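Q: The structure's right below; bear with me while I get my questions together.
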Amino acid sequence: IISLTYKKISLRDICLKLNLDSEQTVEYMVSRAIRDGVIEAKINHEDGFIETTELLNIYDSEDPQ
Amino acid sequence: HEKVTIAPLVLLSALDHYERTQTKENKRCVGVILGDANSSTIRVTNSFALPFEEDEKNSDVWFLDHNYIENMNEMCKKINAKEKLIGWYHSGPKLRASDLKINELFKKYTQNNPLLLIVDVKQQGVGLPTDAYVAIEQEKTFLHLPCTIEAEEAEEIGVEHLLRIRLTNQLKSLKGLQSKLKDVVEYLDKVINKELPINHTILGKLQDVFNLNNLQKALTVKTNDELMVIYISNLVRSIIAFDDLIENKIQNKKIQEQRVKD
Amino acid sequence: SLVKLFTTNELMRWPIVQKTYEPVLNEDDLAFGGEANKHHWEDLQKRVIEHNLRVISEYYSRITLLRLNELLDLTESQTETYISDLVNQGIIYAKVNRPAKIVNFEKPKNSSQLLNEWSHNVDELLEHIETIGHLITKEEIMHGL
Amino acid sequence: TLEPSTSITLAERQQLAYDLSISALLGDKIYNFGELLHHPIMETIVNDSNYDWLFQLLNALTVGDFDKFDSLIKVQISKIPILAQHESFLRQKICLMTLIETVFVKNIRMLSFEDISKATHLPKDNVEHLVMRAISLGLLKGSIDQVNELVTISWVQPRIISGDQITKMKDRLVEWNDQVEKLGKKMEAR
Amino acid sequence: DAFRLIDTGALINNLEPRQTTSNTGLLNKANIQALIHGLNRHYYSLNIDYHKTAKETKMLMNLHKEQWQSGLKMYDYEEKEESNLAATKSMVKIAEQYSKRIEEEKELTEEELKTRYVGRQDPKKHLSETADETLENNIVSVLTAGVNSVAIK
């Protein structure tokens, strides 16, 4: 829910909304969501924000066929 | 250049008199054609054979009588006056000094350039049993004009009554793919390796096809945009395949009605 | 030659040609415009830019705006003035990117891909079978003799 | 190509070849100086007394050195800049035709200003304006890219040379050989 | 139509109804229908049949069967699509409306299990008219995709 709202969101912004533990705890949990291809995003540790890798425009691929 | 259009009546009529004379492979039949050569598209509406005699051991020996040609032209004026002599044909696959030297003989009675024709009796390969060849004075070379087969409304269907979908249409596609393969490999291997003929005049036209997986890999990125129309065709077809379920669901009422009547 | 030069004219020698030879341009009697020299270096310069910029689209597909100012002998503000007049009058069309300073061709998308650009592939496969099929007999004539 | 017509002595063949040489110096049309090699012109003359100008310009296109040919000629043809301008054009026309089929086997159409810079021995600024001059004369059709430093040009004018494209014309048909099986068998099975 | 003189057809001349297809003239309809039985003179018994030899058989198959596709291959596939480029996109869209507009008219008669609009031949009208329309869409879908497919880089 929080990933679809903000494409680029800070690491500490997730812990404020969901009242999580710390930044190292959410860093592990977000990595679990893209395991099966659900969220399809990437985590930038040096930049400090999680960016979504989905540009849509999937019609150019073979998925419609 | 010019174009050639020959009706199917002319092509098969030339093959009939070949067997009627019991002509073997050592002999060949020569004849004349009629039509209108004035326009850019040469049309052949008629053909007549000739008593052609040739020696098999000498290419300089031939028998051609123009008196039969002069009489033939006078006999045609009483049948069809709109037809004039546009050239002459001949049989046999081989081209020897007999058919090459007589090309100027028919030129006296033909206003345009006589159109040479090789009628294949065995019909070996592809289509077009007869090839239309034209000669130039400037060096002489035999060039083939875009010969096509076309007739009138009653003439095209007339042979259909005497002779008498998607997968079949694709069968002819593979035959054209092997035509690209077999024509280039056999010809190119003859120019290279052993026995180089005088060439590089034709090579300029051959490589003119290859420049424009024979075509272009530079559009591969743009091809996906060209493929989009193909993907669009599957958008509606998915419903078209579902449109077959419309009748499939309506036809369910028929059998359900049969169970009620039963 | 000046009329045909507009295709290949880079406007590098433009002030040199007018200065060396000035029959009708800078020094003239009949059909002499301007007070002295001022209207000759303006009206003539405005025309040669229109003729030069017209063929740039047909030659340069993507050109840097910094380089475009050197070919047309203009600046960043002066270049946008002449190109806007040709587009408004329906002469040519191109791309002008102000922050990135990139001038592209901007090929129109009305071709719709397969509906246009693919129709030019007919002569590619039309000259293959039709040509070689005509040269089958010629191959046996040259080698057979 | 005509042996019987235009029957002249041996001394007049060198004078006729001299007019053929100076005529091709001032223009690039109709192939290049190598066109007269296969024709009975360069083979009927002598390799000395300044009759080798046609042979010297054959290898000068690949080497790209104007000083070699300029030292073997006189002041008459060397005082006109057109000789040096159209000579450098034939040097580029060989490279401009490498975008479709010359060297690259994959038929990938690409050209960069760095590759043509080493071939024409010119900097990156001069090669940008030089490509436009070749297209404006009606040689080939295409455009370039200054942003990504790329040159996109097709192939039109044929050449007289052979042996470079012979192997590829068969190699491009090898890709057709592997395509006879999969679609040949599956279509007949339907 | 041929003709054979019967001379005197009154009594005991010869038997025409033997060779092939005789005793025609059912009711008043024979050919143009004005001849009926007597035809021209004493029932000349028109019969005509054709024949083909070995050379004429292979000639017609390589020249004209339905249309002439021989002599050239990939042009008939491309030129049919190229001339129809703007048409195919139009014909798919134009026939798309007329396909449902027929389905939105006659099909509404039969809805519930009972009778409402009293459909009789209406459910069979849109079935037969749109039967080929759904088939033509699948044909042009393979042709448009097939020509651009098959190698050609």
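Numbering starts fresh at 1 for the residues of each chain in the structure tokens, the chains themselves are lettered A, B, ... in the order given, and ligands are numbered from 1 as they appear.
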At a cut-off of 10 Å, which residues of chain D touch chain B? Count only C-alpha atoms and give the answer as a ChimeraX atom specification.
A: /D:1-2,38,99-101,106-110,152,154-163,165-166,168-170,172-177,179-180,183-184,187-188,190
Q: Take the selection from the previous step and output its residues with N, CA and C atoms, as a tab-separated table (two decimals), in the first residue's frame.
A:
chain	number	residue	atom	x	y	z
D	1	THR	N	34.37	-1.20	-74.01
D	1	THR	CA	34.41	-2.65	-74.13
D	1	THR	C	34.48	-3.15	-75.56
D	2	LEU	N	34.46	-2.26	-76.55
D	2	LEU	CA	34.28	-2.66	-77.94
D	2	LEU	C	35.65	-2.82	-78.60
D	38	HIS	N	39.71	-2.88	-64.93
D	38	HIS	CA	39.14	-4.03	-65.62
D	38	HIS	C	38.92	-3.75	-67.10
D	99	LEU	N	28.65	0.55	-44.15
D	99	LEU	CA	27.60	0.51	-43.14
D	99	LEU	C	26.65	-0.66	-43.34
D	100	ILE	N	26.49	-1.14	-44.58
D	100	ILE	CA	25.56	-2.23	-44.84
D	100	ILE	C	26.33	-3.54	-44.96
D	101	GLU	N	26.99	-3.77	-46.10
D	101	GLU	CA	27.81	-4.96	-46.28
D	101	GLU	C	29.18	-4.55	-46.81
D	106	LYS	N	27.19	-9.03	-39.51
D	106	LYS	CA	25.83	-8.99	-39.00
D	106	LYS	C	24.94	-7.98	-39.71
D	107	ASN	N	25.48	-7.24	-40.68
D	107	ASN	CA	24.71	-6.26	-41.46
D	107	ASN	C	24.13	-5.17	-40.57
D	108	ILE	N	24.78	-4.92	-39.43
D	108	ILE	CA	24.37	-3.84	-38.54
D	108	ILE	C	24.81	-2.52	-39.14
D	109	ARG	N	23.86	-1.59	-39.30
D	109	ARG	CA	24.14	-0.31	-39.94
D	109	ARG	C	24.49	0.71	-38.87
D	110	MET	N	25.77	1.08	-38.81
D	110	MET	CA	26.24	2.06	-37.85
D	110	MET	C	27.52	2.70	-38.38
D	152	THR	N	24.20	7.58	-39.82
D	152	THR	CA	23.28	6.57	-40.34
D	152	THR	C	23.10	6.81	-41.84
D	154	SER	N	22.50	4.59	-45.71
D	154	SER	CA	22.20	3.35	-46.41
D	154	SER	C	23.22	3.13	-47.53
D	155	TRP	N	22.96	2.13	-48.38
D	155	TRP	CA	23.85	1.78	-49.48
D	155	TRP	C	23.05	1.77	-50.78
D	156	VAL	N	23.55	2.48	-51.79
D	156	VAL	CA	22.85	2.59	-53.07
D	156	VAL	C	23.80	2.25	-54.21
D	157	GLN	N	24.82	3.09	-54.40
D	157	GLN	CA	25.70	2.97	-55.56
D	157	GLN	C	26.56	1.72	-55.48
D	158	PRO	N	26.49	0.82	-56.46
D	158	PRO	CA	27.37	-0.34	-56.47
D	158	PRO	C	28.79	0.02	-56.88
D	159	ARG	N	29.72	-0.88	-56.56
D	159	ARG	CA	31.12	-0.72	-56.91
D	159	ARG	C	31.54	-1.81	-57.88
D	160	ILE	N	32.80	-1.72	-58.35
D	160	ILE	CA	33.36	-2.72	-59.25
D	160	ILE	C	34.12	-3.81	-58.51
D	161	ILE	N	34.39	-3.63	-57.23
D	161	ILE	CA	35.22	-4.57	-56.48
D	161	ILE	C	34.40	-5.79	-56.10
D	162	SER	N	35.09	-6.92	-55.93
D	162	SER	CA	34.45	-8.17	-55.54
D	162	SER	C	35.35	-8.90	-54.55
D	163	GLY	N	34.77	-9.90	-53.89
D	163	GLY	CA	35.47	-10.71	-52.92
D	163	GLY	C	35.20	-10.35	-51.47
D	165	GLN	N	32.08	-9.01	-50.41
D	165	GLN	CA	30.69	-9.34	-50.16
D	165	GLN	C	30.30	-10.73	-50.64
D	166	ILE	N	31.22	-11.47	-51.25
D	166	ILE	CA	30.88	-12.79	-51.77
D	166	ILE	C	30.62	-13.77	-50.63
D	168	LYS	N	29.64	-13.13	-47.58
D	168	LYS	CA	28.48	-12.78	-46.77
D	168	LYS	C	27.17	-13.14	-47.46
D	169	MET	N	27.11	-13.02	-48.79
D	169	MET	CA	25.89	-13.38	-49.51
D	169	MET	C	25.54	-14.85	-49.30
D	170	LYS	N	26.54	-15.72	-49.18
D	170	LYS	CA	26.29	-17.11	-48.82
D	170	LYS	C	26.03	-17.27	-47.33
D	172	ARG	N	24.57	-15.10	-45.34
D	172	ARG	CA	23.21	-14.67	-45.05
D	172	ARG	C	22.19	-15.73	-45.43
D	173	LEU	N	22.52	-16.57	-46.41
D	173	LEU	CA	21.65	-17.68	-46.77
D	173	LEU	C	21.80	-18.87	-45.84
D	174	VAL	N	22.88	-18.93	-45.06
D	174	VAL	CA	23.02	-19.97	-44.05
D	174	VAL	C	21.95	-19.82	-42.98
D	175	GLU	N	21.61	-18.57	-42.65
D	175	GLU	CA	20.51	-18.33	-41.71
D	175	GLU	C	19.18	-18.81	-42.28
D	176	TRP	N	19.04	-18.80	-43.61
D	176	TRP	CA	17.87	-19.38	-44.24
D	176	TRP	C	17.89	-20.90	-44.22
D	177	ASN	N	19.07	-21.51	-44.12
D	177	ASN	CA	19.16	-22.97	-44.09
D	177	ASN	C	18.55	-23.53	-42.81
D	179	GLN	N	16.23	-22.25	-41.17
D	179	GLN	CA	14.81	-21.92	-41.14
D	179	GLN	C	13.97	-22.84	-42.02
D	180	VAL	N	14.59	-23.77	-42.74
D	180	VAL	CA	13.82	-24.69	-43.57
D	180	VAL	C	13.20	-25.80	-42.73
D	183	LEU	N	9.84	-24.47	-39.65
D	183	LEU	CA	8.59	-24.08	-40.29
D	183	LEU	C	8.23	-24.95	-41.48
D	184	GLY	N	9.16	-25.76	-41.98
D	184	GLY	CA	8.85	-26.67	-43.06
D	184	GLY	C	8.11	-27.91	-42.58
D	187	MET	N	4.51	-26.92	-40.81
D	187	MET	CA	3.47	-26.52	-41.75
D	187	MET	C	2.89	-27.73	-42.47
D	188	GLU	N	3.73	-28.69	-42.84
D	188	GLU	CA	3.24	-29.90	-43.50
D	188	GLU	C	2.46	-30.80	-42.55
D	190	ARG	N	0.25	-29.76	-40.38
D	190	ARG	CA	-1.10	-29.23	-40.24
D	190	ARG	C	-2.01	-29.75	-41.35
Q: Counting only C-alpha atoms, which residues of chain C fall within 6 Å of chain D, and what is the closest atom pair for each with its distance in Å at one decimal, ordered by chain and rising number, as a tab-separated table?
A:
residue	atom	partner	partner_atom	distance
C:59	CA	D:143	CA	5.3
C:60	CA	D:143	CA	5.6
C:61	CA	D:143	CA	5.6
C:62	CA	D:145	CA	4.8
C:63	CA	D:146	CA	5.2
Q: Can you write just those residues out, C-alpha atoms, as a compact mmCIF listing (two decimals), in the first residue's frame?
A:
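Listed below is the output, result05.txt:
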# COMPACT_ATOMS: atom_id res chain seq x y z
CA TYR C 59 20.90 16.51 -43.82
CA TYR C 60 21.42 16.84 -40.06
CA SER C 61 18.88 14.74 -38.17
CA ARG C 62 20.23 15.69 -34.72
CA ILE C 63 22.43 18.78 -34.34
Q: Could you produce a table of the residues of chain C lying within 7 Å of chain E, with the nearest pair of atoms per residue and their separation in Å rounded to one decimal, using only C-alpha atoms, ordered by chain and increasing residue number, as a tab-separated table?
A:
residue	atom	partner	partner_atom	distance
C:115	CA	E:85	CA	5.4
C:119	CA	E:82	CA	5.6
C:122	CA	E:78	CA	6.7
C:126	CA	E:75	CA	6.5
Q: With only C-alpha atoms as the atoms that count, which of E:30, E:118, E:102, E:92 lies nearest to residue 138 of chain E?
A: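 Of the candidates, the smallest distance to residue 138 of chain E is held by E:92.
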Q: Closest to residue 5 of chain A among A:39, A:60, A:29, A:65, using only C-alpha atoms?
A: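 For residue 5 of chain A, the nearest of the candidates is A:39.
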Q: For the helix (DSSP H, G or I) assignment from backbone DSSP, which residues of segment 13-86 of chain C qualify? Please present them as number ranges by chain.
A: C: 14-20, 40-59, 65-72, 76-86
Q: Could you build a table of the residues in chain C lying no more than 10 Å from chain B, giving for each the nearest pair of atoms and their separation in Å rounded to one decimal place, using only C-alpha atoms, ordered by chain and ascending residue number, as a Markdown table?
A:
| residue | atom | partner | partner_atom | distance |
| --- | --- | --- | --- | --- |
| C:112 | CA | B:226 | CA | 8.0 |
| C:113 | CA | B:226 | CA | 4.9 |
| C:114 | CA | B:226 | CA | 4.8 |
| C:115 | CA | B:226 | CA | 8.3 |
| C:116 | CA | B:226 | CA | 9.6 |
| C:117 | CA | B:226 | CA | 8.7 |
| C:118 | CA | B:226 | CA | 8.0 |
| C:120 | CA | B:212 | CA | 9.5 |
| C:121 | CA | B:212 | CA | 7.6 |
| C:123 | CA | B:209 | CA | 8.7 |
| C:124 | CA | B:209 | CA | 5.8 |
| C:125 | CA | B:209 | CA | 7.1 |
| C:126 | CA | B:209 | CA | 8.9 |
| C:127 | CA | B:209 | CA | 6.7 |
| C:128 | CA | B:209 | CA | 6.2 |
| C:129 | CA | B:180 | CA | 7.2 |
| C:130 | CA | B:146 | CA | 7.6 |
| C:131 | CA | B:205 | CA | 8.3 |
| C:132 | CA | B:183 | CA | 7.4 |
| C:133 | CA | B:183 | CA | 8.3 |
| C:134 | CA | B:144 | CA | 5.2 |
| C:135 | CA | B:143 | CA | 7.7 |
| C:136 | CA | B:187 | CA | 8.4 |
| C:137 | CA | B:142 | CA | 8.1 |
| C:138 | CA | B:142 | CA | 6.9 |
| C:139 | CA | B:187 | CA | 8.2 |
| C:140 | CA | B:94 | CA | 9.2 |
| C:141 | CA | B:95 | CA | 7.9 |
| C:142 | CA | B:197 | CA | 7.6 |
| C:143 | CA | B:197 | CA | 7.0 |
| C:144 | CA | B:95 | CA | 9.9 |
| C:145 | CA | B:96 | CA | 9.9 |
Q: Would you put the residues from that selection into a file with C-alpha atoms, as a short mmCIF file (atom, residue, chain, number, x, y, z; two decimals), in the first residue's frame?
A:
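Final output, saved to part_9.cif:
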data_model
loop_
_atom_site.label_atom_id
_atom_site.label_comp_id
_atom_site.auth_asym_id
_atom_site.auth_seq_id
_atom_site.Cartn_x
_atom_site.Cartn_y
_atom_site.Cartn_z
CA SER C 112 2.19 4.82 -38.09
CA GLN C 113 5.07 2.36 -38.57
CA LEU C 114 3.92 -0.71 -40.51
CA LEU C 115 1.30 1.37 -42.36
CA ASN C 116 3.97 3.44 -44.14
CA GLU C 117 7.65 2.58 -43.66
CA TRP C 118 7.09 -1.11 -44.39
CA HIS C 120 8.79 0.57 -49.14
CA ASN C 121 10.01 -3.04 -48.79
CA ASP C 123 10.90 -3.25 -54.34
CA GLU C 124 13.38 -5.05 -52.08
CA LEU C 125 11.96 -8.50 -52.85
CA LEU C 126 10.51 -7.49 -56.24
CA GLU C 127 13.96 -7.07 -57.84
CA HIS C 128 15.23 -10.44 -56.55
CA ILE C 129 13.20 -13.19 -58.23
CA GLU C 130 12.26 -11.03 -61.23
CA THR C 131 15.89 -10.14 -62.00
CA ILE C 132 17.71 -13.44 -61.37
CA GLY C 133 14.87 -15.23 -63.14
CA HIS C 134 15.63 -13.16 -66.24
CA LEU C 135 19.38 -13.85 -65.99
CA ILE C 136 19.07 -17.66 -65.90
CA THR C 137 19.23 -17.81 -69.70
CA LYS C 138 22.04 -15.25 -69.85
CA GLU C 139 24.19 -17.45 -67.60
CA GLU C 140 23.97 -20.36 -70.06
CA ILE C 141 24.71 -18.11 -73.04
CA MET C 142 27.95 -16.64 -71.68
CA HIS C 143 29.35 -19.91 -70.32
CA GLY C 144 27.94 -22.07 -73.13
CA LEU C 145 29.90 -20.11 -75.74
#
Q: Find the spatial neighbours of residue 94 of chain D, counting only C-alpha atoms, within a cut-off of 12 Å - ignore same-chain residues fewer than 2 positions away - and output them as an NGL selection string.
A: :D and (28 or 31-32 or 58 or 60-64 or 87-92 or 96-103 or 116 or 119-120 or 134 or 139-140 or 155 or 157-161)
Q: Those same residues, written as a tab-separated table (two decimals), in the first residue's frame with N, CA, C and O atoms?
A:
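Produced file result-v8.tsv, reproduced below:
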chain	number	residue	atom	x	y	z
D	28	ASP	N	33.89	12.53	-59.30
D	28	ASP	CA	33.78	11.22	-58.67
D	28	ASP	C	32.76	10.31	-59.34
D	28	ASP	O	32.59	9.17	-58.90
D	31	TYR	N	31.74	5.30	-60.74
D	31	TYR	CA	32.69	4.48	-59.97
D	31	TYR	C	33.89	5.35	-59.62
D	31	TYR	O	33.70	6.48	-59.12
D	32	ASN	N	35.12	4.90	-59.85
D	32	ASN	CA	36.32	5.64	-59.47
D	32	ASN	C	37.42	5.32	-60.48
D	32	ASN	O	37.17	4.73	-61.53
D	58	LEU	N	44.76	4.21	-57.05
D	58	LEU	CA	44.02	3.03	-56.61
D	58	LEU	C	44.31	2.71	-55.15
D	58	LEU	O	43.39	2.55	-54.34
D	60	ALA	N	45.94	4.81	-53.19
D	60	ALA	CA	45.90	6.05	-52.43
D	60	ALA	C	44.57	6.25	-51.72
D	60	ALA	O	44.50	7.04	-50.77
D	61	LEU	N	43.51	5.57	-52.17
D	61	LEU	CA	42.22	5.70	-51.50
D	61	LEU	C	42.24	5.03	-50.13
D	61	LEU	O	41.66	5.55	-49.17
D	62	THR	N	42.89	3.87	-50.03
D	62	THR	CA	42.98	3.17	-48.75
D	62	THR	C	44.03	3.79	-47.84
D	62	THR	O	43.82	3.92	-46.63
D	63	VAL	N	45.18	4.18	-48.41
D	63	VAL	CA	46.24	4.77	-47.60
D	63	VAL	C	45.84	6.16	-47.13
D	63	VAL	O	46.04	6.52	-45.96
D	64	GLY	N	45.26	6.97	-48.02
D	64	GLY	CA	44.82	8.30	-47.66
D	64	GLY	C	45.94	9.30	-47.49
D	64	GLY	O	45.98	10.03	-46.50
D	87	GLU	N	39.14	13.93	-54.65
D	87	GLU	CA	39.94	12.76	-54.30
D	87	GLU	C	39.60	12.27	-52.90
D	87	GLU	O	39.51	11.06	-52.67
D	88	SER	N	39.42	13.19	-51.96
D	88	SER	CA	39.03	12.81	-50.60
D	88	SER	C	37.61	12.28	-50.54
D	88	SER	O	37.27	11.55	-49.60
D	89	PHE	N	36.76	12.62	-51.52
D	89	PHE	CA	35.40	12.09	-51.54
D	89	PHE	C	35.40	10.60	-51.84
D	89	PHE	O	34.69	9.83	-51.18
D	90	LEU	N	36.19	10.17	-52.83
D	90	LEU	CA	36.28	8.75	-53.15
D	90	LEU	C	36.85	7.95	-51.99
D	90	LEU	O	36.53	6.77	-51.83
D	91	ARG	N	37.71	8.58	-51.18
D	91	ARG	CA	38.23	7.90	-50.00
D	91	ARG	C	37.13	7.66	-48.97
D	91	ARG	O	37.12	6.62	-48.29
D	92	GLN	N	36.20	8.60	-48.85
D	92	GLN	CA	35.09	8.44	-47.91
D	92	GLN	C	34.00	7.53	-48.46
D	92	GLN	O	33.38	6.79	-47.69
D	96	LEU	N	31.80	5.00	-46.46
D	96	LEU	CA	30.36	5.20	-46.32
D	96	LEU	C	29.58	3.96	-46.73
D	96	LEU	O	28.46	3.75	-46.25
D	97	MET	N	30.13	3.15	-47.62
D	97	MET	CA	29.49	1.92	-48.07
D	97	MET	C	29.78	0.74	-47.16
D	97	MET	O	29.32	-0.37	-47.44
D	98	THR	N	30.53	0.95	-46.08
D	98	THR	CA	30.81	-0.11	-45.11
D	98	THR	C	29.71	-0.26	-44.07
D	98	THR	O	29.82	-1.12	-43.19
D	99	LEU	N	28.65	0.55	-44.15
D	99	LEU	CA	27.60	0.51	-43.14
D	99	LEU	C	26.65	-0.66	-43.34
D	99	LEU	O	26.05	-1.13	-42.37
D	100	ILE	N	26.49	-1.14	-44.58
D	100	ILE	CA	25.56	-2.23	-44.84
D	100	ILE	C	26.33	-3.54	-44.96
D	100	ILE	O	26.35	-4.35	-44.02
D	101	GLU	N	26.99	-3.77	-46.10
D	101	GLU	CA	27.81	-4.96	-46.28
D	101	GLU	C	29.18	-4.55	-46.81
D	101	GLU	O	29.33	-4.21	-47.99
D	102	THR	N	30.19	-4.57	-45.93
D	102	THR	CA	31.59	-4.62	-46.34
D	102	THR	C	32.36	-5.57	-45.43
D	102	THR	O	32.82	-6.63	-45.86
D	103	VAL	N	32.48	-5.18	-44.16
D	103	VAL	CA	33.26	-5.90	-43.16
D	103	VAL	C	32.35	-6.61	-42.16
D	103	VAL	O	32.43	-7.82	-41.99
D	116	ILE	N	35.47	7.40	-39.09
D	116	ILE	CA	35.74	8.13	-40.32
D	116	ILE	C	36.86	9.14	-40.14
D	116	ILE	O	37.51	9.53	-41.12
D	119	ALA	N	40.02	7.27	-40.95
D	119	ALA	CA	40.07	6.87	-42.35
D	119	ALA	C	40.39	8.05	-43.26
D	119	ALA	O	41.19	7.91	-44.20
D	120	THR	N	39.80	9.21	-43.00
D	120	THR	CA	40.02	10.40	-43.81
D	120	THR	C	41.12	11.30	-43.25
D	120	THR	O	41.44	12.31	-43.88
D	134	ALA	N	28.97	15.08	-49.18
D	134	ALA	CA	28.85	13.85	-49.96
D	134	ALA	C	27.38	13.51	-50.22
D	134	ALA	O	27.05	12.99	-51.29
D	139	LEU	N	25.27	11.14	-53.71
D	139	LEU	CA	25.97	9.87	-53.58
D	139	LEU	C	25.10	8.85	-52.84
D	139	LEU	O	24.68	7.84	-53.42
D	140	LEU	N	24.83	9.10	-51.56
D	140	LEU	CA	24.02	8.22	-50.75
D	140	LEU	C	22.98	9.03	-49.99
D	140	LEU	O	23.09	10.26	-49.86
D	155	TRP	N	22.96	2.13	-48.38
D	155	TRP	CA	23.85	1.78	-49.48
D	155	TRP	C	23.05	1.77	-50.78
D	155	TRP	O	22.01	1.12	-50.85
D	157	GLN	N	24.82	3.09	-54.40
D	157	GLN	CA	25.70	2.97	-55.56
D	157	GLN	C	26.56	1.72	-55.48
D	157	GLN	O	27.31	1.55	-54.51
D	158	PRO	N	26.49	0.82	-56.46
D	158	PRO	CA	27.37	-0.34	-56.47
D	158	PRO	C	28.79	0.02	-56.88
D	158	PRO	O	29.05	1.08	-57.46
D	159	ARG	N	29.72	-0.88	-56.56
D	159	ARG	CA	31.12	-0.72	-56.91
D	159	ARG	C	31.54	-1.81	-57.88
D	159	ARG	O	30.77	-2.71	-58.22
D	160	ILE	N	32.80	-1.72	-58.35
D	160	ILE	CA	33.36	-2.72	-59.25
D	160	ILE	C	34.12	-3.81	-58.51
D	160	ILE	O	34.42	-4.86	-59.11
D	161	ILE	N	34.39	-3.63	-57.23
D	161	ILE	CA	35.22	-4.57	-56.48
D	161	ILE	C	34.40	-5.79	-56.10
D	161	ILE	O	33.17	-5.73	-55.96
Q: According to DSSP computed on the backbone, where in chain C is there strand (DSSP E or B)? Give the residues as a list in words.
A: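 Answer for chain C restricted to strand (DSSP E or B) is residues 60, 61, 62, 63, 64, 97, 102, 103 and 104 of chain C.
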Q: Take the residues that were just selected and, keeping N, CA and C atoms, output them as a PDB file, in the first residue's frame.
A:
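Final file, part.pdb:
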ATOM      1  N   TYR C  60      21.186  17.118 -41.469  1.00  0.00           N
ATOM      2  CA  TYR C  60      21.422  16.839 -40.058  1.00  0.00           C
ATOM      3  C   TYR C  60      20.114  16.423 -39.399  1.00  0.00           C
ATOM      4  N   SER C  61      20.063  15.186 -38.902  1.00  0.00           N
ATOM      5  CA  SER C  61      18.885  14.738 -38.168  1.00  0.00           C
ATOM      6  C   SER C  61      18.901  15.245 -36.733  1.00  0.00           C
ATOM      7  N   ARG C  62      20.064  15.204 -36.086  1.00  0.00           N
ATOM      8  CA  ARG C  62      20.233  15.690 -34.723  1.00  0.00           C
ATOM      9  C   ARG C  62      21.488  16.547 -34.677  1.00  0.00           C
ATOM     10  N   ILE C  63      21.325  17.829 -34.355  1.00  0.00           N
ATOM     11  CA  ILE C  63      22.427  18.783 -34.342  1.00  0.00           C
ATOM     12  C   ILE C  63      22.399  19.555 -33.029  1.00  0.00           C
ATOM     13  N   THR C  64      23.581  19.855 -32.499  1.00  0.00           N
ATOM     14  CA  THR C  64      23.675  20.614 -31.260  1.00  0.00           C
ATOM     15  C   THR C  64      23.322  22.075 -31.507  1.00  0.00           C
ATOM     16  N   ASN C  97      15.162  22.447 -28.314  1.00  0.00           N
ATOM     17  CA  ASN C  97      15.178  22.122 -26.892  1.00  0.00           C
ATOM     18  C   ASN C  97      15.966  23.217 -26.184  1.00  0.00           C
ATOM     19  N   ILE C 102      19.519  21.110 -27.752  1.00  0.00           N
ATOM     20  CA  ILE C 102      19.549  20.003 -28.700  1.00  0.00           C
ATOM     21  C   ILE C 102      18.517  20.279 -29.785  1.00  0.00           C
ATOM     22  N   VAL C 103      18.959  20.284 -31.039  1.00  0.00           N
ATOM     23  CA  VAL C 103      18.093  20.524 -32.187  1.00  0.00           C
ATOM     24  C   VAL C 103      18.029  19.237 -32.996  1.00  0.00           C
ATOM     25  N   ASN C 104      16.878  18.572 -32.968  1.00  0.00           N
ATOM     26  CA  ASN C 104      16.679  17.328 -33.694  1.00  0.00           C
ATOM     27  C   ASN C 104      15.781  17.568 -34.906  1.00  0.00           C
TER      28      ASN C 104
END
Q: Need the shell around segment 6-15 of chain A: protein/DNA/RNA residues with any atom at most 10 Å away, counting only C-alpha atoms. Skip same-chain ones fewer than 3 positions apart. Format as a list in words?
A: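 Answer for this query is residues 1, 2, 3, 18, 19, 20, 21, 22, 23, 24, 25, 26, 27, 30, 41, 43, 44, 45, 47, 48, 49, 50, 51, 52, 53 and 54 of chain A.
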Q: May I ask for the distance between atom CA of residue 261 of chain B and atom CA of residue 105 of chain E, given in Å to one decimal place?
A: 28.1 Å
Q: Please identify all polymer residues within 8 Å of residue 45 of chain D, counting only C-alpha atoms, omitting same-chain residues fewer than 6 positions from it, and present them as a VMD selection string.
A: chain D and resid 13 to 14 17 51
Q: How many Å separate atom CA of residue 20 of chain E from atom CA of residue 61 of chain E?
A: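 That distance, rounded to one decimal, is 28.2 Å.
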Q: Ranking E:130, E:24, E:13, E:33 by minimum distance to chain B and counting only C-alpha atoms, which one comes first?
A: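 Nearest candidate to chain B out of E:130, E:24, E:13, E:33: E:130.
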Q: List the spatial neighbours of segment 104-119 of chain B as a ChimeraX atom specification - criterion: any atom at most 8 Å away, only C-alpha atoms, same-chain residues fewer than 2 positions off excluded.
A: /B:11,14-15,37-38,85-93,101-102,121,129-135
Q: Which residues are close to residue 10 of chain E, i.e. within 12 Å by only C-alpha atoms, leaving aside same-chain residues fewer than 5 positions away? Reply as a compact mmCIF listing (two decimals) with C-alpha atoms, in the first residue's frame.
A:
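Output saved as part_8.txt:
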# COMPACT_ATOMS: atom_id res chain seq x y z
CA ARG E 41 -35.70 -30.49 -86.26
CA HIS E 42 -36.83 -33.96 -85.15
CA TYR E 43 -34.98 -33.83 -81.81
